[PDB]
Amino acid sequence: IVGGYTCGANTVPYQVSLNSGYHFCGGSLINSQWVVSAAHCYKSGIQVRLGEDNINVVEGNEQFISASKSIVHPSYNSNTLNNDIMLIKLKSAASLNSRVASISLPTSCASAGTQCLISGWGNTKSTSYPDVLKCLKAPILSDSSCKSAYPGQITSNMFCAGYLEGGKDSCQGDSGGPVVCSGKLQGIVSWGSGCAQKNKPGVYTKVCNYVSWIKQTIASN
Ligand SMILES: C=Cc1cc(C(=O)Nc2ccc(C(=N)N)cc2)c(-c2ccc(C(=O)NCC3CC3)nc2C(=O)O)cc1OC
Ligand SMILES: [Ca+2]
C-alpha cells in the first residue's frame with residue numbers, strides 16, 4: 001500500500017497473509033474454512049496466516065492453517081487478468097473471534113464514489129515492504145474513468161479504485177487482498193500499471209459477479 005496508514009493490530013480481522021516460506025499475497029476470510037484471493041496468487045504449498053499484524057513476529061493472535069485445496073476460477077485468463085479470483089480451503093476451520101473474523105460477500109455491486117478500505121503488506125513505495133498491516137481508504141471510480149485510464153483492458157469483471165492524481169494506491173504484495181465497502185467484500189487487489197502513478201489507478205476484481213460461483217463452490221467442496 002502506497003500513501004496509506006498503519007491499520008492497527010487486528011483491526012482488519014478478515015485480512016489474511018498467504019505464506020509459502022514468506023508472505024506473497026493477501027486474501028480475505030469469508031467463512032471459517034474458506035479464503036478468497038486473486039487467481040494470480042495461485043501456487044502450491046500455501047499456508048494461510050490469520051490474525052496477523054506484524055508478519056515477522058509472533059504476537060499472539062495468529063492462526064496458521066495449511067490450504068487443503070485451491071480452486072482458481074474456471075475462466076481465469078492470466079494474460080488479460082479477466083476473472084482474477086481463487087478460493088482456498090483451509091485444512092481445519094479457523095477459530096473465529098474479534099481478531100479473526102469473516103467478511104460478508106456482497107448482495108449487490110457497489111457504485112462509483114463508494115468509499116472502501118484496501119489493505120495489505122505490499123510495497124509502500126512507488127522498494128520498502130512493511131512488517132505491519134497497511135490500510136488505504138479509496139473510492140471506487142467510474143467505469144468510464146477506469147476505461148479511459150486503461151483503454152481496451154477493463155472487462156465487466158474489473159473496477160478501478162483510488163486516485164487519478166496518484167500518490168495513494170495498492171501495490172505489489174497487496175495482490176489478492178480485500179477491498180471492503182460498507183462491510184462487504186467488493187474487490188480483490190488485482191493489477192495496475194506501476195503503483196500510485198498519475199492516471200493509473202488500481203484495478204480490482206469485481207467480487208459481486210462471483211458470489212454465485214463462490215457459494216456453489218463452497219457448497220460442494
Ligand atoms: C494480475 C496479475 C498479476 C499482477 C501482479 C501485480 O503486480 N499486481 C498489482 C497489484 C496492484 C497494483 C496497483 N494497484 N497499482 C498493481 C499491480 C503481479 C506481480 C508481479 C510482481 C510482483 C513483485 O515483484 N512483488 C514483490 C517481490 C516479492 C516478489 N508482485 C505481483 C503481485 O502479485 O502483486 C503478478 C501477476 O500475475 C502473475
Ligand atoms: Ca505475526
Side-chain angles (χ1 to χ4, degrees), residues 1-4 7-13 15-27 37-43 46-65 72-73 75-86 99-100 116 118-136 138-141 146 149-150 153-155 157-179 187-206:
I1 304 286
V2 179
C7 302
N10 308 118
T11 61
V12 188
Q15 172 84 55
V16 310
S17 169
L18 305 185
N19 185 285
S20 61
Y22 42 86
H23 167 85
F24 69 88
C25 272
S37 185
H40 82 259
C41 294
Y42 162 77
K43 61 163 69 184
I46 297 175
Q47 186 186 63
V48 176
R49 299 190 161 205
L50 307 100
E52 288 283 17
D53 190 43
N54 191 316
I55 49 164
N56 276 319
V57 178
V58 175
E59 297 179 297
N61 295 295
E62 298 92 347
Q63 297 177 44
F64 295 169
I65 306 171
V72 170
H73 194 275
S75 298
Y76 173 57
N77 181 309
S78 55
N79 294 326
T80 63
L81 317 179
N82 199 27
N83 308 294
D84 190 13
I85 186 170
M86 169 180 72
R99 295 177 175 82
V100 176
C116 306
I118 310 177
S119 48
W121 290 274
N123 191 1
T124 59
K125 294 203 140 124
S126 47
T127 304
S128 186
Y129 286 89
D131 301 305
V132 301
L133 186 65
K134 303 293 185 169
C135 277
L136 175 65
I140 300 178
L141 297 170
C146 191
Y150 295 104
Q153 293 199 270
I154 303 300
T155 71
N157 299 309
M158 300 172 189
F159 67 92
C160 291
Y163 298 90
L164 294 180
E165 194 181 287
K168 288 188 283 188
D169 196 5
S170 56
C171 201
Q172 281 73 52
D174 291 318
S175 284
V179 181
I188 302 166
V189 181
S190 183
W191 63 276
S193 182
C195 310
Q197 305 301 114
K198 189 183 175 166
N199 291 319
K200 295 294 182 179
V203 189
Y204 300 92
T205 309
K206 190 171 179 173

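Numbering starts at 1 and runs along the sequence shown. For ligands, and for the atoms within them, numbers begin at 1 and follow the listed sequence. Below, each value reflects all heavy atoms present in this structure, side chains not excepted, and no hydrogens, waters or symmetry copies.
The nearest heavy-atom contact from the protein to atom 38 (C) of ligand 1 is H40 CB, 4.3 Å. Regarding atom 27 (C) of ligand 1, its nearest protein heavy-atom neighbour is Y129 OH, 3.9 Å. The closest protein non-hydrogen atom to atom 16 (C) of ligand 1 is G192 N, 3.2 Å.
At distances below 3.5 Å, at least one donor-acceptor pair connects side-chain atoms of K200 with backbone N or O atoms of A149. Remark: the backbone N or O of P13 is not paired with any side-chain donor or acceptor of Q15 at under 3.5 angstrom. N82 places no side-chain N or O within 3.5 Å of a backbone atom of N77 that could act as its donor or acceptor partner.
For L18 against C41, the heavy-atom pair with the smallest separation is CD1-CB, 4.4 Å.
Geometrically, ligand 1 and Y76 share no nitrogen or oxygen pair separated by less than 3.5 Å. For ligand 1, the polar-atom distance check against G173 finds a nitrogen or oxygen pair separated by under 3.5 Å. Between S175 and ligand 1, a contact under 3.5 Å exists for at least one N or O pair. Taking any N or O of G194, backbone or side chain, at least one lies under 3.5 Å from an N or O belonging to ligand 1. Residue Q172 has at least one N or O atom closer than 3.5 Å to an N or O atom of ligand 1.
Listed by atom number, the atoms of ligand 1 under 4.0 Å from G202 heavy atoms are 14 (N). Using a 4.0 Å cut-off to heavy atoms of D169, the atoms of ligand 1 that qualify are 13 (C), 14 (N), 15 (N). Applying the 4.0 Å criterion to heavy atoms of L81 picks out, from ligand 1, the atoms 1 (C), 2 (C). Heavy-atom contacts of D84 reach the following atoms of ligand 1: 1 (C) (cutoff under 4.0 Å).
Residues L141 and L164 have side chains in contact (heavy-atom distance under 4.5 Å, counting atoms from C-beta outward). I140 has its side chain within reach of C116: a pair of non-hydrogen atoms, C-beta onward, lies under 4.5 Å apart. Side-chain contact check for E52 versus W121: some heavy-atom pair is nearer than 4.5 Å. Under the 4.5 Å side-chain criterion, counting only non-hydrogen atoms from C-beta, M158 is not in contact with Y150.
Within the 4.0 Å cut-off (strictly below), a protein heavy atom is located near atom 13 (C) of ligand 1. Proximity of atom 29 (C) of ligand 1 to the protein is not indicated, since no non-hydrogen protein atom lies closer than 4.0 angstrom.
Only protein atoms were considered; those of element N, O or S under 3.0 Å from the Ca ion (ligand 2) number 4.
For the pair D174 and ligand 1, no heavy-atom separation below 4.0 Å is found.
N56 and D131 are linked by a side-chain donor-acceptor pair at a separation below 3.5 angstrom, with hydrogens and angles left out of the test.
For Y42, the OH atom sits in a loose shell: 12 or fewer heavy atoms of surrounding residues, nucleotides or ligands are nearer than 6.0 Å. Summarising the local packing, NZ of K43 is surrounded by more than 12 heavy atoms from other residues, nucleotides or ligands at distances under 6.0 Å.
Interatomic distance, CG of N123 versus CD of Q172, reported as 6.5 Å (0.5 Å rounding).
Of the residues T205, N83, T80, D84, the one that meets the side chain to side chain donor-acceptor pair (under 3.5 Å) test with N157 is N83.
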